[PDB]
Peer 1: 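My questions will all concern the structure given below.
Position 1 is the first residue of the sequence, and the numbers go up from there. Atoms considered below: every heavy atom in the structure, side chains included; atoms not considered: hydrogens, waters and symmetry mates.
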Amino acid sequence: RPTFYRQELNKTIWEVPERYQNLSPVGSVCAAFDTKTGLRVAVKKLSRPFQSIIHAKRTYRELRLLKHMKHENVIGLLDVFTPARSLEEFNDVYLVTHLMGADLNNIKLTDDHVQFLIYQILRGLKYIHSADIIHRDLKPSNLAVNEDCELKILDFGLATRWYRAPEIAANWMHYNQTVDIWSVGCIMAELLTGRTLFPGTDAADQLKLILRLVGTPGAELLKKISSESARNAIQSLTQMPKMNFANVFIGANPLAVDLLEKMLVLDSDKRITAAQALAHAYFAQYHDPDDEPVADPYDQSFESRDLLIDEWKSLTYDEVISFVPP
Ligand SMILES: CCCCCCCCO[C@@H]1O[C@H](CO)[C@@H](O)[C@H](O)[C@H]1O
Ligand SMILES: CCCCCCCCO[C@@H]1O[C@H](CO)[C@@H](O)[C@H](O)[C@H]1O
């Protein structure tokens, strides 16, 4: 067991191994310097991790997910620790990740640079989707970059509905992984134009802006709508055609416009997948089909289980104890 030290910050007493130095507020998160690896890190102290069944299952879910993620373009876990010497004492969980400089909200980009950023998102997304994980909330604030434009997908703001797929915003009961490809389309459009593609002021406005670009749903899509009231609402909309994307993204690389046309499709079954998108000619200078890895199988069967707090806590403790650093 390493040597721990205690200090007060954020009106809580953080107790961490001495390897982690100069903690400064940025659960809650402190930036730190790890003397063992020499890395700048983010240390997240989970808030009330076992206060209820719901908190405890969320704590387990977060740790399990971070432990699985092992890809250059996805945030991974550098360390997980607790001051507790036993299950009986186990009340606090701290997660350590790479400290990222900035997010994509912070950063006109050149076409070469827009290719590089979107390539990396899709490379990461290929990996996440291969594990049968759906992100659901991809947006510029969940995309971290360093000075060298190297990008990682974050689970949460750091470890707005402008970027959400329309089926999520409309409460669909079933989801494609391609909800995330919609989000990538929105992000790419914004990197091209400098402005938010669909800056809806509320859910009605958001949907109006979307349909203005992509057109109202066609008969092929209406065939797959089980909700009677949904179909009726959709067909009572004033009808409108798909816009020509070239006339929206004036001066963009034609290959960028083509890829956007393939991402920003209302019918999720007709959207390009992350794997397919990596092979699109827009990324020719970056694409390497032998260096776009996939993930080990990820067991989410726990999501279907209903357990007691102590049970979720013991499972989380097991995952802390079994952690092996990268
Ligand atoms: C007018 C606004 C309505 C939004 C329509 C969103 C349609 C999304 O597309 C739908 O996604 C589903 C879930 O992945 C699939 O089961 C359907 O087959 C597919 O057509
Ligand atoms: C004018 C706005 C039209 C949006 C329709 C919103 C209602 C969508 O309702 C959803 O429809 C899905 C498709 O059948 C179902 O999977 C979901 O269970 C249902 O919640």
Peer 1: Considering residues, nucleotides and ligands other than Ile107, do more than 12 of their heavy atoms fall under 6.0 Å from its CD1?
Peer 2: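 At most 12 heavy atoms, drawn from other residues, nucleotides or ligands, come within 6.0 Å of this atom.
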Peer 1: Take the angle between the ring planes of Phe116 and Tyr286 and call it parallel below 30°, perpendicular above 60°, tilted in between.
Peer 2: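 Geometry flag for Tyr286 against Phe116: tilted rings.
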Peer 1: If you define the side chain from C-beta out and look only at heavy atoms, does anything of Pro140 sit under 4.5 Å from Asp103?
Peer 2: no
Peer 1: When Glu62 is tested against each of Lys44, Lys57, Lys67 for salt bridge (charged side-chain N to carboxylate O under 4.0 Å, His left out), which residue passes?
Peer 2: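 Between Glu62 and the candidates, salt bridge (charged side-chain N to carboxylate O under 4.0 Å, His left out) is satisfied uniquely by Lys44.
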Peer 1: Flag yes if more than 12 heavy atoms outside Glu147 fall under 6.0 Å of its CD atom; otherwise flag no.
Peer 2: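 Open: at most 12 neighbouring heavy atoms sit under 6.0 Å from CD of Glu147.
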Peer 1: Is a donor on one side and an acceptor on the other found under 3.5 Å between the side chain of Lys242 and the backbone of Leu213?
Peer 2: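 Looks like no, no N/O pair under 3.5 Å.
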Peer 1: Are any side-chain N or O atoms of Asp148 and backbone N or O atoms of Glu150, one a donor and one an acceptor, separated by less than 3.5 Å?
Peer 2: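 Judged by distance alone, no pair lies under 3.5 Å.
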Peer 1: Has the side chain of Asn176 got a donor or acceptor atom that lies under 3.5 Å from a matching backbone atom of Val179?
Peer 2: no
Peer 1: Begin with the C-alpha distance, continue with both residues' side-chain angles, and end with the deciding distance and a verdict on side-chain contact (heavy atoms from CB on, under 4.5 Å) for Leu95 and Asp79.
Peer 2: CA-CA 6 Å; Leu95 303 174; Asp79 197 15; over 6 Å; no
Peer 1: Salt bridge between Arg271 and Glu167, side-chain N to carboxylate O under 4.0 Å?
Peer 2: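 Judged by the 4.0 Å cut-off on N to carboxylate O distance, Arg271 and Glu167 do form a salt bridge.
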Peer 1: Hey, could you give me the CG/CD1 distance between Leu138 and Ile128, rounded to the nearest 0.5 Å?
Peer 2: 7.0 Å
Peer 1: In terms of hydrophobic clusters joined by side-chain contacts under 4.5 Å, are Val26 and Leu154 together?
Peer 2: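 No, no single cluster joins them.
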Peer 1: Run the numbers on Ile272 and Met263 for side-chain contact (heavy atoms from CB on, under 4.5 Å), then give the verdict.
Peer 2: CA-CA 6 Å; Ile272 197 165; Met263 290 175 168; 3.7 Å; yes
Peer 1: Give the minimum heavy-atom separation between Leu255 and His280, together with the two atoms involved.
Peer 2: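 Reported closest heavy-atom pair: O-CE1, 3.3 Å.
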Peer 1: CZ of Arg48: more than 12 outside heavy atoms within 6.0 angstrom?
Peer 2: no
Peer 1: Give a yes or no on whether a salt bridge exists between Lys70 and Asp296, defined as a side-chain N under 4.0 angstrom from a carboxylate O.
Peer 2: no
Peer 1: What do the steps show when you test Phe198 against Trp162 for ring pair (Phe, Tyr, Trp, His ring centres under 6.0 Å), and what is the final call?
Peer 2: CA-CA 6 Å; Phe198 303 120; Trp162 293 341; over 10 Å; no
Peer 1: Is any side-chain heavy atom of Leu197 closer than 4.5 Å to one of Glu190?
Peer 2: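 With C-beta onward as the side chain, the pair stays apart.
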Peer 1: Quick one: CG on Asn10 to CD on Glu8, what's the gap to the nearest 0.5 Å?
Peer 2: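 One gets 11.5 Å once the value is rounded to the nearest 0.5 Å.
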Peer 1: Ignoring hydrogens and angles, state whether a donor on the side chain of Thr110 or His113 is under 3.5 Å from an acceptor on the partner side chain.
Peer 2: no
Peer 1: Just checking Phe156: does its CZ atom have more than 12 heavy atoms from other residues, nucleotides or ligands closer to it than 6.0 angstrom?
Peer 2: no
Peer 1: Nearest 0.5 Å please: distance from the CG atom of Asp155 over to the NE2 atom of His135.
Peer 2: 7.0 Å
Peer 1: Looking at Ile134, is its backbone amide N or carbonyl O close enough to the side chain of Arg136 to form a donor-acceptor pair, meaning the two atoms are under 3.5 Å apart?
Peer 2: yes
Peer 1: Take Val80 and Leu66 through the test side-chain contact (heavy atoms from CB on, under 4.5 Å) and record every step on the way to the result.
Peer 2: CA-CA 10 Å; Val80 51; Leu66 284 163; over 6 Å; no
Peer 1: Do other residues, nucleotides or ligands put more than 12 heavy atoms under 6.0 Å from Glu89 CD?
Peer 2: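 Yes, CD of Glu89 has more than 12 neighbouring heavy atoms, counting only those of other groups under 6.0 Å.
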Peer 1: Count the heavy atoms belonging to other residues, nucleotides or ligands that lie under 6.0 Å from CZ of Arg1, then report whether that count exceeds 12.
Peer 2: yes
Peer 1: Can you list everything that forms a salt bridge (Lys or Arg N to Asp or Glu O under 4.0 Å) with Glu15? Sequence neighbours excluded, please.
Peer 2: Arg6
Peer 1: So do the side chains of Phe245 and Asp258 get within less than 4.5 Å of each other, counting heavy atoms only?
Peer 2: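 Answer no - side chains too far apart.
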Peer 1: How long is the gap from CZ on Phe249 to CG on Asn244, to the nearest 0.5 Å?
Peer 2: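 CG of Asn244 is found 11.0 Å from CZ of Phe249.
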Peer 1: If you count every heavy atom of other residues, nucleotides or ligands that lies below 6.0 Å from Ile54 atom CD1, does the total exceed 12?
Peer 2: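 Not more than 12 within 6.0 Å, no.
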Peer 1: Tell me if a side-chain donor or acceptor on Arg61 pairs with a main-chain N or O of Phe302 at a distance below 3.5 Å.
Peer 2: no
Peer 1: Just wondering, do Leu65 and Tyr60 contact through their side chains at under 4.5 Å, heavy atoms?
Peer 2: no
Peer 1: Between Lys208 and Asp205, does at least one N-O distance fall below 4.0 Å, as a salt bridge requires?
Peer 2: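 Judged by the 4.0 Å cut-off on N to carboxylate O distance, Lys208 and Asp205 do form a salt bridge.
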Peer 1: Compare all side-chain heavy atoms of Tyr317 with those of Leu63 and state whether any distance is below 4.5 angstrom.
Peer 2: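 Result no, sub-4.5 Å side-chain heavy-atom pair not found.
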Peer 1: For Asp180 and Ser183, does a side-chain donor sit closer than 3.5 Å to a side-chain acceptor?
Peer 2: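 The answer is no; no qualifying pair exists.
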Peer 1: Quick one: does any side-chain atom of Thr3 pair with a main-chain N or O of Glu18 as donor and acceptor, under 3.5 Å?
Peer 2: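 No, the answer is negative, given that no donor and acceptor are paired below the 3.5 Å cut-off.
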Peer 1: May I ask you to check whether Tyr282 and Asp111 show a side-chain donor-acceptor distance below 3.5 Å?
Peer 2: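 A pair is found: one side chain offers a donor N or O, the other an acceptor, under 3.5 Å apart.
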Peer 1: I want to check something: taking the side chain as every heavy atom from C-beta on, are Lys152 and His71 in contact at a cut-off of under 4.5 Å?
Peer 2: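 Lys152 does not reach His71 side chain to side chain.
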Peer 1: For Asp34 and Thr37, run side-chain hydrogen bond (donor to acceptor under 3.5 Å, both in side chains): C-alpha distance rounded to whole Å, both residues' side-chain angles, the deciding distance at 0.1 Å, then the answer.
Peer 2: CA-CA 6 Å; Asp34 179 10; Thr37 55; 2.8 Å; yes
Peer 1: Can you sort out the partners of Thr196 under side-chain hydrogen bond (donor to acceptor under 3.5 Å, both in side chains), two or more places apart, ordered by chain and number?
Peer 2: none
Peer 1: What are the two closest heavy atoms between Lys45 and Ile13, and how far apart are they?
Peer 2: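 Heavy atoms of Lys45 and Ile13 come nearest at NZ-O, 3.2 Å.
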Peer 1: Within a strict 4.5 Å, meaning less than it, do heavy atoms of the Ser24 and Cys30 side chains meet?
Peer 2: no
Peer 1: Between atom CG of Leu278 and atom CD1 of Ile118, what is the distance when rounded to the nearest 0.5 Å?
Peer 2: 11.5 Å
Peer 1: Just so I know, are the side chains of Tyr175 and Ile168 near enough to count as touching, which here means a heavy-atom distance under 4.5 Å?
Peer 2: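 Side chain of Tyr175 against side chain of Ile168, heavy atoms only: contact under 4.5 Å found.
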Peer 1: Report yes or no: do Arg231 and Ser227 form a side-chain donor-acceptor pair below 3.5 Å?
Peer 2: no
Peer 1: Counting N and O atoms only, with roles assigned by atom type, does the side chain of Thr178 sit under 3.5 Å from a partner on the main chain of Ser268, one being a donor and the other an acceptor?
Peer 2: yes
Peer 1: Before you tell me yes or no, could you show the steps for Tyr298 and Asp132 under side-chain contact (heavy atoms from CB on, under 4.5 Å), namely the whole-Å CA-CA distance, both residues' side-chain angles and the distance that decides it to 0.1 Å?
Peer 2: CA-CA 7 Å; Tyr298 179 57; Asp132 295 334; over 6 Å; no
Peer 1: Do the side chain of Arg123 and the main chain of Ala274 share a donor and acceptor less than 3.5 angstrom apart?
Peer 2: no
Peer 1: Consider side-chain contact (heavy atoms from CB on, under 4.5 Å). Of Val145, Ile75, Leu143, which one does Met100 pass it with?
Peer 2: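 Testing each of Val145, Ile75, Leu143 against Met100, the sole residue satisfying side-chain contact (heavy atoms from CB on, under 4.5 Å) is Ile75.
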Peer 1: Mark yes or no for whether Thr59, through its side chain, and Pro49, through its backbone, hold a donor-acceptor pair below 3.5 Å.
Peer 2: yes
Peer 1: Hey, does the side chain of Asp267 reach the backbone of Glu220 with a donor-acceptor pair shorter than 3.5 angstrom?
Peer 2: no
Peer 1: As an exercise, state the distance from CD1 of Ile181 to CE of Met188, rounded to the nearest 0.5 Å.
Peer 2: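 It is 11.0 Å, given to the nearest 0.5 Å.
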Peer 1: Is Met240 reachable from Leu266 through a run of I, L, V, M, F, W or Y residues, each pair having side-chain heavy atoms under 4.5 Å apart?
Peer 2: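 No, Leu266 and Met240 fall in different hydrophobic clusters.
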Peer 1: Show which residues join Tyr5 in its hydrophobic cluster (side-chain heavy-atom contacts under 4.5 Å, direct or indirect), or state none.
Peer 2: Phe4, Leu9, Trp14, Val16, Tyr20, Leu23, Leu39, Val41, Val43, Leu78, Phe81, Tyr94, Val96
Peer 1: Would you call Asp299 and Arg64 a salt bridge, taking side-chain N to carboxylate O under 4.0 Å as the test?
Peer 2: no
